[PDB]
K.L.:
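Before I ask anything, let me first share the structure, which is written out below as structure tokens.
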Amino acid sequence: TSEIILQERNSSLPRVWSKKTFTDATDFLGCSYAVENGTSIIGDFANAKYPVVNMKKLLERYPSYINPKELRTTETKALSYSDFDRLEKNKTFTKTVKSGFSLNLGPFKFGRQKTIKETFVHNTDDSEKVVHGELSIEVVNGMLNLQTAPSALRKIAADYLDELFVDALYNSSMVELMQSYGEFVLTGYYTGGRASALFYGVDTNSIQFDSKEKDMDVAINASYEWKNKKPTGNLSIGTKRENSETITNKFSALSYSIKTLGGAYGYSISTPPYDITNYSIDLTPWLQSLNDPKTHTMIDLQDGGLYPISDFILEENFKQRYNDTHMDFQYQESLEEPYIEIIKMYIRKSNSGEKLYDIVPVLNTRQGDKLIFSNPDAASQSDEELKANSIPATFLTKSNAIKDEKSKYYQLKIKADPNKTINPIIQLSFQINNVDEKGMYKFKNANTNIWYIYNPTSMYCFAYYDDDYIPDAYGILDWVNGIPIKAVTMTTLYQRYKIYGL
Ligand SMILES: [Cl-]
């Protein structure tokens, strides 16, 4: 509203903010994993999407980053849940994600409900009577782990990312990247075969969450048979005769659908829904197909076997955006026009209680991050100086002076606005102190084709994949071409610099 342009985006610059560019069980490691848009079966190989880590390249240099271990066990787990928050009553999915990460369960819960609704015939059912069930039957044969020491993860980020993942990182929005890849990277899983069954019951007489869950607990447990459960037997789902009374005594209807993971002679595609007392399926051939380990696949996740994508990238702003987007704090559908806004940054309250501000250029990136170019010596200044930034006349002079300077390096829209505040001291924005376009060097990483432009006095760095369309979006191609080439090692860069992706 009181926004005023100080420089139109140079009109000869283009307006382009983006470009739209499993043999065996061990190949899932370092791939993205889809929660929201997957099958909702935890650890299901189908939810493995695309490679994030270039594993072949990594293992060619450091073979010890991978660590397989033979297992020979069987596992059954049953879960009953009256609603989609109760889905996580045993933290089944929660504990698969890296300990300490801020996990948003919404998408997982949404995906399960979406699947339930697609798997089971459309209903008039009174949700009060509804309870859900899940069964897992697993022949476990192996275990795969990627090294996850932070220093390992940084090395991977720097040099061992899949080039199409690097593409998505710089040529689409984080939103788009998560739609295509999913939200997590596979670091720890189990291999073998698995039968997975979902149940949908209408409890005849209980509406209490716990009572219905105990009813489902009993039903699930009366509804399958594993005789002689040897690892490394007969298996069937469905009740008959005596066991059917166990079900009908508590449920007016209980239906199920199964899906087998790996093996042969099973059910690769989720089955239509069947009444538990009417239709039984013999999985015996499928179970004994699992004696051929060639038929094995990814079947479940290790605790902490899923790492956020943010652990696999160096860029501060992408890391934060991934996190914020996952948490539903931010959502930019697609990359946009960058611009510098000269606005006010909160510093402190005067001894009269008055808010005092510095005037600051803030680069808005394609991704919509705000990179505040702060003056850390602004806090030293005396109250009356800072208060003079509230005078329209000093704002004119300073804003125009900053524009005159930054204009030498950036040909994008520069605007000023005396009524816009940005507060990084109390709060997405980032602070980069002592930004100075004159003090920079650059080098290209040969493995990844990323340019890293770094200021070795102030310890900040702007990164971008090597396609001129990007510097052109910021109208900085001239400037960057003039920047002298000076290599620094990746480890020095990420250990000693803050890196921001343009
Ligand atoms: Cl049926």
Side-chain angles (χ1 to χ4, degrees), residues 22-33 38-48 51 53 55-56 58-59 62-71 73-79 90-99 134-149 152 184-197 220-221 224-237 258-268 283-307:
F22 305 124
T23 321
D24 77 50
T26 81
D27 295 315
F28 300 99
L29 207 63
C31 290
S32 62
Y33 182 90
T39 69
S40 89
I41 306 294
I42 301 157
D44 178 350
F45 75 89
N47 300 332
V53 186
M55 292 298 298
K56 167 179 194 283
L58 177 68
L59 296 175
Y62 308 121
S64 72
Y65 272 55
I66 194 162
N67 174 10
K69 162 149 215 191
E70 248 216 275
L71 270 164
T73 50
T74 64
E75 212 86 61
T76 61
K77 323 156 172 184
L79 186 61
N90 299 338
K91 293 194 167 160
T92 309
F93 176 59
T94 297
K95 73 190 183 169
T96 75
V97 181
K98 175 201 194 194
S99 169
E134 186 185 353
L135 177 60
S136 195
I137 298 184
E138 304 186 332
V139 182
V140 176
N141 205 68
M143 184 171 183
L144 275 74
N145 291 82
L146 177 69
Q147 172 61 219
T148 57
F184 296 101
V185 187
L186 288 154
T187 63
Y189 62 91
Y190 296 98
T191 59
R194 171 176 187 181
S196 176
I220 287 173
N221 229 52
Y224 78 94
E225 206 186 66
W226 200 349
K227 292 206 219 74
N228 321 290
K229 81 209 291 269
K230 296 174 62 184
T232 209
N234 263 247
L235 179 66
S236 64
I237 188 172
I258 63 149
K259 187 170 77 168
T260 52
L261 298 186
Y265 306 100
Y267 298 87
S268 60
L283 296 167
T284 301
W286 172 83
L287 181 66
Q288 64 194 39
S289 79
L290 297 178
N291 293 315
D292 182 3
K294 299 163 192 173
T295 71
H296 292 191
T297 191
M298 176 174 112
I299 62 165
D300 216 327
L301 297 168
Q302 292 182 38
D303 292 357
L306 294 175
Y307 266 58

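All values below come from the heavy atoms of this structure, side chains included, with hydrogens, waters and symmetry mates left out. Counting from 1, the numbers follow the sequence of the chain as shown.
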K.L.:
Within a radius of less than 6.0 Å around OH of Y265, do more than 12 heavy atoms belonging to other residues, nucleotides or ligands occur?
P.N.:
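No, OH of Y265 has 12 or fewer neighbouring heavy atoms, counting only those of other groups under 6.0 Å.
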K.L.:
Consider only side-chain N and O atoms of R194 and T260, and report whether a donor and an acceptor are under 3.5 Å apart.
P.N.:
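Note: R194 and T260 side chains miss the donor-acceptor criterion.
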K.L.:
Rounded to the nearest 0.5 Å, how far apart are OH of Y189 and CG of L146?
P.N.:
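Spacing of OH (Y189) from CG (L146) equals 10.0 Å.
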K.L.:
Are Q302 and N145 close enough that a side-chain donor and a side-chain acceptor fall under 3.5 Å?
P.N.:
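Their side chains do contain a donor-acceptor pair, which is all the 3.5 Å distance test asks for.
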K.L.:
Salt bridge between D24 and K294, side-chain N to carboxylate O under 4.0 Å?
P.N.:
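No, no charged N to carboxylate O under 4.0 Å.
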K.L.:
If you compare all heavy atoms of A25 against all heavy atoms of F28, which two are closest, and at what distance to 0.1 Å?
P.N.:
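For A25 and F28, the tightest heavy-atom pair comes out as O-CD1, 3.5 Å.
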K.L.:
For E225 and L235, what are the C-alpha separation, side-chain angles and deciding distance, and is it a side chain to side chain contact (heavy atoms under 4.5 Å, CB included)?
P.N.:
CA-CA 6 Å; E225 206 186 66; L235 179 66; over 6 Å; no
K.L.:
Between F45 and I299, is the side chain to side chain contact (heavy atoms under 4.5 Å, CB included) condition met? List the steps.
P.N.:
CA-CA 6 Å; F45 75 89; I299 62 165; over 6 Å; no
K.L.:
Indicate yes or no: at least one non-hydrogen side-chain atom of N90 is less than 4.5 angstrom from one of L79.
P.N.:
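Counting from C-beta outward, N90 and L79 do come under 4.5 Å.
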K.L.:
Using a strict cut-off of less than 4.0 Å between a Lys/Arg side-chain nitrogen and an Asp/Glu carboxylate oxygen, indicate whether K259 and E134 qualify as a salt bridge.
P.N.:
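A salt bridge is absent here (no side-chain N lies under 4.0 Å from a carboxylate O).
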K.L.:
Nearest heavy-atom pair of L301 and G43: which atoms, and what distance?
P.N.:
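Residues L301 and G43, closest heavy atoms: CG-CA, 3.5 Å.
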K.L.:
Go through the side-chain N and O atoms of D300 and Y190 and say whether any donor and acceptor fall under 3.5 Å apart.
P.N.:
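The answer is no; no qualifying pair exists.
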K.L.:
Return the minimal non-hydrogen interatomic distance between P63 and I66, and the atom names on each side.
P.N.:
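Smallest interatomic distance, heavy atoms only, reads O-CG2, 3.4 Å.
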K.L.:
Look only at the side chain of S289 and the backbone of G263, and say whether a donor-acceptor pair between them is shorter than 3.5 Å.
P.N.:
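Side chain of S289 to backbone of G263, a donor-acceptor pair under 3.5 Å: no, none is there.
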K.L.:
Do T92 and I42 come close enough that some side-chain heavy atom pair is under 4.5 Å?
P.N.:
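With C-beta onward as the side chain, the pair touches.
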K.L.:
Using a distance-only test with no angle check, is there a side-chain donor-acceptor pair under 3.5 angstrom linking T191 and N141?
P.N.:
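The criterion, which ignores hydrogens and geometry beyond distance, is not satisfied for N141 and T191.
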K.L.:
Taking all atoms of both residues into account, what is the closest heavy-atom pair of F22 and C31, and its distance?
P.N.:
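Answer, listing the atom of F22 first, then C31: CE2-SG, 3.7 Å.
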K.L.:
If you compare all heavy atoms of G233 against all heavy atoms of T284, which two are closest, and at what distance to 0.1 Å?
P.N.:
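Heavy atoms only, the tightest pair is O-CG2, 3.6 Å.
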K.L.:
Within the side chain of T96, is there an N or O that forms a donor-acceptor pair under 3.5 Å with the backbone of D303?
P.N.:
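Here the side-chain-to-backbone pair does not exist.
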K.L.:
Using modelled atom types only, decide if a donor and an acceptor are shared between the side chain of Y267 and the backbone of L283 within a distance under 3.5 Å.
P.N.:
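No: the side chain of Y267 does not pair with the backbone of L283.
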K.L.:
Using the side chain to side chain donor-acceptor pair (under 3.5 Å) criterion, which residues pair with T94? Sequence neighbours excluded.
P.N.:
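If we apply the side chain to side chain donor-acceptor pair (under 3.5 Å) test to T94, skipping adjacent residues, the hits are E88.
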K.L.:
If you take all heavy atoms of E75 and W226, which pair is closest and at what distance?
P.N.:
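In this case the closest contact between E75 and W226 is O-CZ3, 4.3 Å.
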K.L.:
What residue among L29, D27, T26 forms side-chain contact (heavy atoms from CB on, under 4.5 Å) with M55?
P.N.:
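Going through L29, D27, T26 one by one, the side-chain contact (heavy atoms from CB on, under 4.5 Å) with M55 is satisfied by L29 alone.
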K.L.:
So with a 6.0 Å cut-off around NZ of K77, is the heavy-atom count from everything else above 12?
P.N.:
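Check passes, neighbour count above 12.
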K.L.:
Does any donor atom in the side chain of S236 or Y224 lie under 3.5 Å from an acceptor atom in the other side chain?
P.N.:
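Short answer, no.
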K.L.:
Does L306 form a side chain to side chain contact (heavy atoms under 4.5 Å, CB included) with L186? I'd like the steps, not just the answer.
P.N.:
CA-CA 5 Å; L306 294 175; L186 288 154; 3.8 Å; yes
K.L.:
Checking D44 side chain against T39 main chain: does a donor-acceptor pair fall under 3.5 Å?
P.N.:
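No, because the side chain of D44 does not come within donor-acceptor range (under 3.5 Å) of the backbone of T39.
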K.L.:
Look up atom OG in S32 and atom CG in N47, then write down how far apart they are to the nearest 0.5 Å.
P.N.:
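Rounded to the nearest 0.5 Å, the OG-CG separation comes out at 10.0 Å.
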K.L.:
So, do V97 and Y307 sit near enough that their side-chain heavy atoms are less than 4.5 Å apart?
P.N.:
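Of all side-chain heavy-atom pairs linking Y307 with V97, none is under 4.5 Å.
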K.L.:
As a quick check of understanding, evaluate side chain to side chain contact (heavy atoms under 4.5 Å, CB included) for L287 and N234, giving each step before the final call.
P.N.:
CA-CA 8 Å; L287 181 66; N234 263 247; over 6 Å; no
K.L.:
Does the side chain of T74 reach to within under 4.5 Å of the side chain of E138, using non-hydrogen atoms?
P.N.:
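No, too far: nothing below the 4.5 Å cut-off.
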